[PDB]
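Colleague: let me see the structure of the following:
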Amino acid sequence: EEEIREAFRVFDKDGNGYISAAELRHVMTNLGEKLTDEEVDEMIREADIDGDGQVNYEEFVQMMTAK
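Modeller: Numbers count the residues shown, from 1 in each chain. Let me share the structure:
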């Protein structure tokens, strides 16, 4: 799990908590996860993303660990 958090951090130059959704979909595709683009889109629609610009990757990390 920490590895998922550090990759997300690799995508957070300011080590704070928010990165752009494209960056998030990208961190998730590099970690070697075999989650499909549609499932990602379904996880994105239930997450608040396009309509605000930046997402807190911590909630997406928590959901992937639970699953």
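Colleague: can you show me the strands along this protein?
Modeller: For the chain, applying DSSP state E gives strands covering 18-20, 54-56.
Colleague: what's around the residue nearest to residue 65 when sequence neighbours are not counted, how many residues?
Modeller: Take residue 65 and drop its neighbours on the chain: the residue closest to it by CB to CB, 6 or more residues apart in numbering is residue 1, 5.2 Å away. From N, CA and C alone the C-beta is placed, and that goes for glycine too. Other residues near residue 1 come to 9 when the count uses other CB atoms under 10 Å.
Colleague: and residue 8, by the same measure?
Modeller: Count around residue 8 with other CB under 10 Å applied: 21.
Colleague: now for it: which residues touch it?
Modeller: The contact partners of residue 8, by CB atoms under 8 Å, 6 or more residues apart in numbering, come to 19, 24, 27, 57, 58, 60, 61.
Colleague: now do residue 7
Modeller: Going by CB under 8 Å, 6+ apart, the list of residues near residue 7 reads 27, 30, 31.
Colleague: spatially central residue for the protein, please.
Modeller: residue 24 (3.7 Å; CA atoms, centre = their mean).
Colleague: any idea how far that residue is from residue 45?
Modeller: Distance of residue 24 to residue 45, given as CB to CB, to the nearest Å: 14 Å.
Colleague: that older thread, I figured the residue nearest to the centre of the chain hits residue 57, correct?
Modeller: Yes: assessed by CB atoms under 8 Å, residue 24 is found in contact with residue 57 at 5.5 Å.
Colleague: which neighbours do the two share?
Modeller: In contact with both residue 24 and residue 57: 8, 11, using CB under 8 Å, 6+ apart.
Colleague: surely residue 5 meets residue 64?
Modeller: No: with contacts counted by CB under 8 Å, residue 5 stays clear of residue 64, the gap being 10.6 Å.
Colleague: and for the spatially closest residue to residue 15 that is not a sequence neighbour, the neighbour number?
Modeller: In this structure, residue 15 finds its nearest non-sequential neighbour in residue 9, 6.1 Å apart by CB to CB, 6+ apart. Residue 9: 17 surrounding residues under other CB under 10 Å.
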